[PDB]
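> Sequence plus experimental coordinates follow:
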Amino acid sequence: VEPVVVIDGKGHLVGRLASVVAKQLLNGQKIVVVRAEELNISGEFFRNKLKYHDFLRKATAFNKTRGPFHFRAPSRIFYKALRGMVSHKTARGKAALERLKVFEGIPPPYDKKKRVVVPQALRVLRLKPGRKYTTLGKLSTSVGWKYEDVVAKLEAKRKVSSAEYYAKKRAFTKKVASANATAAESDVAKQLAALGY
Amino acid sequence: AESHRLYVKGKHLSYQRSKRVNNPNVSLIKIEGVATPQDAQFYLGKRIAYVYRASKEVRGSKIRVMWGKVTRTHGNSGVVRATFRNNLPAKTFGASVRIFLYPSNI
Amino acid sequence: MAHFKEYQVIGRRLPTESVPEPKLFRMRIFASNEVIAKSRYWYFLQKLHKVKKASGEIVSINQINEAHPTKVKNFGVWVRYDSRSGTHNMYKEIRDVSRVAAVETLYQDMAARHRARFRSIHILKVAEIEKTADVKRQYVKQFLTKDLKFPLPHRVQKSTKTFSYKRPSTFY
Amino acid sequence: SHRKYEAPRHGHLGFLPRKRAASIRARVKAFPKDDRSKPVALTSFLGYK
Amino acid sequence: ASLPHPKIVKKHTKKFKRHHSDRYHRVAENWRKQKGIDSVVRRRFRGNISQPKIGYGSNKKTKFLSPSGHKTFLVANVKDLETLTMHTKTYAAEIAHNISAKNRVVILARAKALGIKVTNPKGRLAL
Amino acid sequence: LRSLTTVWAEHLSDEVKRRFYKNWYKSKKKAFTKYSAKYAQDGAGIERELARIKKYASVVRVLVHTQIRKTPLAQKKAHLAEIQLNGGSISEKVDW
RNA sequence: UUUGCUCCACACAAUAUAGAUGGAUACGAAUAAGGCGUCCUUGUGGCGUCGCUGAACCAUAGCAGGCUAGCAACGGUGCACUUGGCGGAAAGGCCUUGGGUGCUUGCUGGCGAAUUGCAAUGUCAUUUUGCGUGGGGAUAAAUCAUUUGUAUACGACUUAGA
RNA sequence: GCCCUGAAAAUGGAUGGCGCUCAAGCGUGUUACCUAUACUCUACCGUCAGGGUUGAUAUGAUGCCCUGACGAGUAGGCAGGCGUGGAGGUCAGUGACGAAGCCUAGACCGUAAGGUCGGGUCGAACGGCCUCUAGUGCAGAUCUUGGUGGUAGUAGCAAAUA
RNA sequence: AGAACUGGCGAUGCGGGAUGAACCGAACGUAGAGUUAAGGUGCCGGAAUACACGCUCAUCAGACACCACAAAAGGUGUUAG
RNA sequence: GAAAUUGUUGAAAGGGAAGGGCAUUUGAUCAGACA
Ligand SMILES: [Mg+2]
Ligand SMILES: [Mg+2]
Ligand SMILES: [Mg+2]
Ligand SMILES: [Mg+2]
Ligand SMILES: [Mg+2]
Ligand SMILES: [Mg+2]
Ligand SMILES: [Mg+2]
Ligand SMILES: [Mg+2]
Ligand SMILES: [Mg+2]
Ligand SMILES: [Mg+2]
Ligand SMILES: [Mg+2]
Ligand SMILES: [Mg+2]
Ligand SMILES: [Mg+2]
Ligand SMILES: [Mg+2]
Ligand SMILES: [Mg+2]
Ligand SMILES: [Mg+2]
Ligand SMILES: [Mg+2]
Ligand SMILES: [Mg+2]
Ligand SMILES: [Mg+2]
Ligand SMILES: [Mg+2]
Ligand SMILES: [Mg+2]
Ligand SMILES: [Mg+2]
Ligand SMILES: [Mg+2]
Ligand SMILES: [Mg+2]
Ligand SMILES: [Mg+2]
Ligand SMILES: [Mg+2]
Ligand SMILES: [Mg+2]
Ligand SMILES: [Mg+2]
Ligand SMILES: [Mg+2]
Ligand SMILES: [Mg+2]
Ligand SMILES: [Mg+2]
Ligand SMILES: [Mg+2]
Ligand SMILES: [Mg+2]
Ligand SMILES: [Mg+2]
Ligand SMILES: [Mg+2]
Ligand SMILES: [Mg+2]
Ligand SMILES: [Mg+2]
Ligand SMILES: [Mg+2]
Ligand SMILES: [Mg+2]
Ligand SMILES: [Mg+2]
Ligand SMILES: [Mg+2]
Ligand SMILES: [Mg+2]
Ligand SMILES: [Mg+2]
Ligand SMILES: [Mg+2]
Ligand SMILES: [Mg+2]
Ligand SMILES: [Mg+2]
Ligand SMILES: [Mg+2]
Ligand SMILES: [Mg+2]
Ligand SMILES: [Mg+2]
Ligand SMILES: [Mg+2]
Ligand SMILES: [Mg+2]
Ligand SMILES: [Mg+2]
Ligand SMILES: [Mg+2]
Ligand SMILES: [Mg+2]
Ligand SMILES: [Mg+2]
Ligand SMILES: [Mg+2]
Ligand SMILES: [Mg+2]
Ligand SMILES: [Mg+2]
Ligand SMILES: [Mg+2]
Ligand SMILES: [Mg+2]
Ligand SMILES: [Mg+2]
Ligand SMILES: [Mg+2]
């Protein structure tokens, strides 16, 4: 629908956000994913600590370089999550992946842009309440990611400068609605009212 | 106005294909806002045009079009099979195709 | 099997010359279509009489429609089934609106609690619990108490667009 | 087969690769902790052996 | 000028080249059926090349017709040309390759008079 | 971590100027002359630069360089390097 | 080494494009709980209200939108300018002042439109580059060779030479 | 019943991969949907079969025309064809106003073996059709002889004092 | 390693079983249209993040014939008996 | 005065071989056909 689509990652399940980000991507919808660290995965944090350590041992024997690479930041734990669902070796494949960006936190341009959700990967909706689950950044920080403290520091700072934004907004749309009701009952209004507005 | 559009936006998804043998003579189209095979039966027949540009001016223009027609509904989600004059160039997979409102019935 | 109808199937050994007018036996039969039903008739009656379809004859097959199909009833089901080791006898109670509706969610709860598939099962008797407090298994009893009420928390709107622009809310 | 007599390896893989370094001036890969409460002063110095 | 006829359908316009003609220089594109046991081509495993066979045979109507509509015909002198005297909507005249310069110009000339087609009419033409 | 700005002094020893080169003797030695400008005007730019550092900068390092001339080496080309500052308050740091 | 460079402006010419075609429309946090309005003792507070989808919102009428007149408003908005302020996570964007100017479909008028012949995308996006112009602004280095030995199989590295 | 214990191997690693936990798992039920060289309908080709038609005054009787079914294939059989060296008959064939050959991501005919032309280069010979004949078709055989590469400006050109 | 009956592979491609001589499906002239088989439909991948009722939380869960393994014996985990 | 193979010029492609099949964009190139 839109040129670009920002996805606040918070409260989304890795594999599902992936699966949808994949197809958004392959049908040519440019997609960017933010607040990647605040992402969820089924299973108590520990199991996922394990699963990741298994991923860790897999490496080319004769040369730990050319073999599997092990990316720690939550964005790229998500990007791998995603790259698997893409025919990534083909043209078509690189094509799509180029139309994607994944971000821990919410960096410039994107924080003043609005950002959406994907109800079919929203955790609160998807998961059975009472199931144990897992935050990405905490899983990532435990496997060598260096930048969690910094991120949630800027975030906390950003989350402030944008309450102000919303505060200002909520007051303006008060006058706006205030003005929109001194117009209530008038002819024109009663006319629109009748055409369904 | 600002708007001049007289067609519906559609993306160019896949070729009609098996799991591992594809068939270029039929392209599969995603029409905007059409998401059920019923919502889709409206567009059956409506000619499809895929506009694109090039470096060589031709019959006066730097714009050419291949032309097609929606011909049936695809699966369960308002996807749609169409056939064109010449088949579509596979680089176009996930490009923008235009679906028109003619030949209409209203 | 599918969605079940209930059937009265009726048959009798073929007329012999010396035995014209054989004795005639019926079964209520729980099947999704009249063919499967005539099958089951012979299946069972062969486990009971000196007959096989070859020496027999169906005499009537009729459908049996629920007494008061919108009266909630409390069924007590009796079932013989076959597990992986031995065969077994069960009684389960099922609360539902028709004999035909229950006998499906029966077959379902056997399929799931004991992985007993259709072939493996014999509906011994389906019969209505008339007077309450003769409900004996409790997950049904649980539903007979007066002024029963219950809420349905953590409600889920099944989204119809790929994306959404709210962030939902499970209130109800 | 397996060895015959176990004995420890040679070298230290922590120092790989064993290439020529990318500049005569080895790099201060890390600096002391900071306690901002002492007076301000330098944390190193340049020299000639 | 041609006699009316159905739309000519050509069934397989690509040239059937030989297996591995592309591989080694020594193998000429010249078609040749493979006699191997293991030959993936011979067995017709999907994705290898297609083999000439009688289903590919052209329509008994439009067969032989060149674009124009005329079944062509090698012509070497004028008398040859005249064999087409009464069939100028069915056959065309193709002047032979050995036919001299000055001789062609007569042959052409008569082709024009007789109303007969000539496919290769710029053959050794002074200009 | 990411370098946000440097701020250099006004005058610069030919000892360090040497460093920014490969064929010194030939060159015109224009290095750090348009930079040496920015002091001319009152300071202004240099001011904000320092001022930028203070507002942000989580760490601060000094650009020092060896006085190689006092060393019996034949080198000339002196040695430039960054050095962390570990004293109080980033603002106090840039002042130092 | 034949007037070379760069930033601002237009002019022609190329060449490209993973794919414009009204608008990527900014709290945060919770989900066995919240949004908003409102009152107050400013609280894990009182009262009210909403949800059950963005099918929303905003925009949208005029030769792909011409040329014109007027009323009512004193509003909107496009542009170049000017005041003060904010933004370093990748800030390269946000906001605010004051004049000037175009438009306004807020409302009422005058004129134009065919003959693209019954459809033929019927061409209105932005890419990078190159050639001259003239309006500011700028006048270096690197390599070979020679040389040092903190280096070296050759390349490389580290010195030096108006 | 599911889940846990029982449950130890050597390069790093495989429900096919990602990944999934009111499943995208286990069992079971209902519908919809996707797609084979298969099935139905049509067109073309060929094969086999069954009919029709010598009546001139025009062009094929091994023909012309209607109609039905069928089509996998190693070893192997048979059939109809393509192409070369020479031989009989023929075209009163081609040609120094350019035969044969050779080059040619130029044209056309054939399902194909192959056939035809254009242009270029060339210099004395050469084709079509009916027959005749065989030292008559090459990718192989550690095949024969000749010619040519990658290796590669590489191994090397360092014993016998200078 | 060896017999019996049939069906195959060998001599055979096409679809499914990721992969594979022998399995499932179906046996090939060149093609259009339709519909299917077996097998599938989160994404790779065409096609319901369809509907329904239960069961399962594994600090080595499980995930589809041939098929690429596991048993005795145990659990006051939890389900129905 | 063929081929293997080589030099120059012209065009094109090239993220651990190259070649091939169906289909089509793009560039180059060509027949036929109108009347
Ligand atoms: Mg592609
Ligand atoms: Mg949100
Ligand atoms: Mg919870
Ligand atoms: Mg039965
Ligand atoms: Mg040992
Ligand atoms: Mg074999
Ligand atoms: Mg072999
Ligand atoms: Mg082979
Ligand atoms: Mg012809
Ligand atoms: Mg700066
Ligand atoms: Mg000295
Ligand atoms: Mg010059
Ligand atoms: Mg708030
Ligand atoms: Mg107050
Ligand atoms: Mg308050
Ligand atoms: Mg809204
Ligand atoms: Mg108007
Ligand atoms: Mg206007
Ligand atoms: Mg960015
Ligand atoms: Mg307007
Ligand atoms: Mg235009
Ligand atoms: Mg001097
Ligand atoms: Mg279970
Ligand atoms: Mg594997
Ligand atoms: Mg396993
Ligand atoms: Mg799956
Ligand atoms: Mg099922
Ligand atoms: Mg299931
Ligand atoms: Mg069903
Ligand atoms: Mg349905
Ligand atoms: Mg098949
Ligand atoms: Mg077919
Ligand atoms: Mg047929
Ligand atoms: Mg055959
Ligand atoms: Mg001969
Ligand atoms: Mg001979
Ligand atoms: Mg010649
Ligand atoms: Mg010539
Ligand atoms: Mg001579
Ligand atoms: Mg011989
Ligand atoms: Mg010989
Ligand atoms: Mg040979
Ligand atoms: Mg050979
Ligand atoms: Mg050699
Ligand atoms: Mg040499
Ligand atoms: Mg050498
Ligand atoms: Mg030697
Ligand atoms: Mg079998
Ligand atoms: Mg054999
Ligand atoms: Mg066989
Ligand atoms: Mg077979
Ligand atoms: Mg199958
Ligand atoms: Mg398998
Ligand atoms: Mg079978
Ligand atoms: Mg994949
Ligand atoms: Mg799909
Ligand atoms: Mg495990
Ligand atoms: Mg696992
Ligand atoms: Mg089994
Ligand atoms: Mg010569
Ligand atoms: Mg290539
Ligand atoms: Mg092609």
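Nice, I can see it. Numbers count the residues shown, from 1 in each chain, chains lettered A, B, ... in the order given. Ligands and ions are numbered 1, 2, ... in the order given.
> Quick check: the residue sitting nearest the centre point of chain C vs residue C:63, distance?
What sits nearest the mean C-alpha location of chain C, by C-alpha atoms, centre = their mean, is residue C:103, with 1.5 Å. Relative to residue C:63, residue C:103 is positioned 14 Å away (C-beta to C-beta, to the nearest Å). For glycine as for every other residue, the C-beta is placed from the backbone atoms N, C-alpha and C.
> shared neighbours of these two, anything?
Residues within reach of residue C:103 and of residue C:63 at once, by C-beta atoms under 8 Å, 6 or more residues apart in numbering or on different chains, are residue C:6.
> what sits against the residue nearest to the centre of chain C?
Neighbour list for residue C:103: C:4, C:6, C:30, C:77, C:123, C:126 [criterion: C-beta under 8 Å, 6+ apart].
> same thing but 10 Å
If you count contacts by C-beta atoms under 10 Å, 6 or more residues apart in numbering or on different chains, residue C:103 has them with C:4, C:6, C:30, C:31, C:75, C:77, C:79, C:94, C:96, C:123, C:126.
> Which residues are in contact with the fourth one?
The neighbours of residue C:31, taking C-beta under 10 Å, 6+ apart as the test, are C:1-2, C:4-7, C:9, C:37-41, C:103.
> and it, what are its bridge partners?
With beta bridges defined as DSSP bridges, residue C:31 has these partners: residue C:5.
> Please report the distance of it from residue C:136.
For residue C:31, the distance to residue C:136 under the criterion C-beta to C-beta works out to 28 Å.
> One more: the last one?
The spacing between residue C:126 and residue C:136, counted by C-beta to C-beta, is 16 Å.
> If you count surrounding residues, which of those two has more?
Set side by side, residue C:126 and residue C:136 show unequal neighbour counts under other C-beta atoms under 10 Å in any protein chain shown, the larger going to residue C:126 at 19 against 11.
> That one contacts residue C:6, correct?
Yes: at 8.8 Å, residue C:126 and residue C:6 qualify as touching, with contact defined as C-beta atoms under 10 Å.
> Need the overlap of contacts for those two.
Residues touching both residue C:126 and residue C:6 (C-beta under 10 Å, 6+ apart) are C:28, C:30, C:99, C:100, C:103.
> and those residues, which of them are in helices?
Applying DSSP state H to those, the entries found in helices are C:99, C:100, C:103.
> Settle this for me: the first one is touching residue C:63, isn't it.
In this case it means residue C:99. No: in this structure, residue C:99 sits apart from residue C:63 without contact. The criterion is C-beta under 10 Å, and the distance is 11.9 Å.
> So for those two, which residue has more residues nearby?
Neighbour tally, residue C:99 and residue C:63, criterion other C-beta under 10 Å: the higher count belongs to residue C:99, 23 against 11.
> check contacts around that one.
When contacts are taken as C-beta under 10 Å, 6+ apart, residue C:99 is in contact with C:4, C:6, C:28, C:30, C:64-67, C:69, C:73, C:75, C:77, C:126-128.
> 8 Å instead, please
Neighbour list for residue C:99: C:6, C:66, C:75, C:126 [criterion: C-beta under 8 Å, 6+ apart].
> ok, now residue F:61?
Each residue near residue F:61 by C-beta under 8 Å, 6+ apart is listed here: F:82, F:83, F:84, F:85.
> Just give the number of residues close to the first one.
The one in question is residue F:82. The burial metric for residue F:82, expressed as a neighbour count using other C-beta under 10 Å, is 15.
> looking at this, it is in a helix?
No: note on residue F:82: no helix contains this position according to DSSP: H, G, I helix; E, B strand; the rest coil, which reports strand.
> all helices of the chain, in order?
Because you didn't say which chain, this covers chain A. The residue ranges that make up the helices of chain A, judged by DSSP H, are A:14-26, A:45-57, A:74-83, A:91-98, A:123-126, A:136-141, A:148-179, A:187-194.
> let's do chain F instead
Taking DSSP H as the criterion, chain F contains helices spanning F:14-17, F:34-37, F:45-55, F:90-95.
> and what of chain E?
E:40-43, E:78-82, E:101-114.
> Chain C too?
C:34-45, C:99-113, C:138-141.
> Which strands or helices does the last one pack on?
So that's helix C:138-141. Contact analysis of helix C:138-141 by 3 or more C-beta pairs under 8 Å, 6 or more residues apart in numbering or on different chains; DSSP states H and E lists strand C:87-96 as its packing neighbours.
> got the contacts of residue C:99 as a markdown table, with distance to chain D columns?
Converted to a markdown table, the contacts of residue C:99 look like this (distance: C-beta to the nearest C-beta, whole Å):
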| residue | distance to chain D |
| --- | --- |
| C:6 | 73 |
| C:66 | 77 |
| C:75 | 70 |
| C:126 | 70 |
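> out of those, which is most surrounded?
residue C:75 (23 neighbours).
> wait, does stretch A:139-150 make contact with RNA strand H?
No: contact between stretch A:139-150 and RNA strand H is absent, the nearest approach being 11.2 Å (criterion: C-beta under 7 Å from any atom of the strand).
> Could you give the separation of that stretch from the chain centroid?
Centroid displacement of stretch A:139-150 relative to its chain, using C-alpha atoms, centre = their mean, to the nearest Å, is 18 Å.
> Can you mark which positions in that stretch are buried?
Of the residues in stretch A:139-150, those with enough neighbours to count as buried (16 or more other C-beta atoms under 10 Å in any protein chain shown) are A:139, A:140, A:141, A:142, A:143, A:145, A:147, A:148.
> wait, does it make contact with RNA strand I?
No: legend: contact between stretch A:139-150 and RNA strand I by C-beta under 7 Å from any atom of the strand is lacking; minimum distance shown is 12.1 Å.
> quick one: terminal-to-terminal distance for that stretch?
The distance separating the two terminal residues of stretch A:139-150, taken as C-alpha to C-alpha, to the nearest Å, comes to 16 Å.
> Tell me how many other residues surround the residue of chain C at minimum distance from ligand 1.
Chain C approaches ligand 1 most closely through residue C:162 (23.0 Å), counting by C-beta to the ion. Under the neighbour criterion other C-beta under 10 Å, residue C:162 is assigned a count of 16.
> related to what we said a few turns ago, tell me which of the helices of chain E sits nearest to RNA strand I.
RNA strand I lies closest to helix E:40-43 among those, at 3.9 Å (C-beta to the nearest atom of the strand).
> Tell me the buried residues in that closest one?
Those buried within helix E:40-43 under the rule 16+ other C-beta under 10 Å are residue E:41.
> Stretch A:152-163 now?
Neighbour-count burial for stretch A:152-163 [16+ other C-beta under 10 Å]: A:152, A:155.
> What are the contacting residues of that stretch?
When contacts are defined by C-beta under 8 Å, 6+ apart, stretch A:152-163 is touched by residues A:35, A:37, A:105, A:106, A:111, A:137.
> Kindly report the same for stretch B:52-62.
Contacts of stretch B:52-62 from elsewhere in the structure, counted by C-beta under 8 Å, 6+ apart, are B:63, B:64, B:65, B:92, B:95.
> following the one helix or strand the third one maps to, which helix or strand shows up next?
Secondary structure assignment for residue B:65, by DSSP states H and E: strand B:63-74. Toward the C-terminal end, the helix or strand that comes next after strand B:63-74 (DSSP H and E) is strand B:79-84.
> Given the helix or strand just after that next one, what are its sheet partners and their directions?
Toward the C-terminus, strand B:79-84 is succeeded by strand B:96-100 as the next helix or strand (DSSP H and E). Partners of strand B:96-100 in the sheet, by DSSP bridges, are strand B:7-17 (antiparallel), strand B:47-53 (antiparallel).
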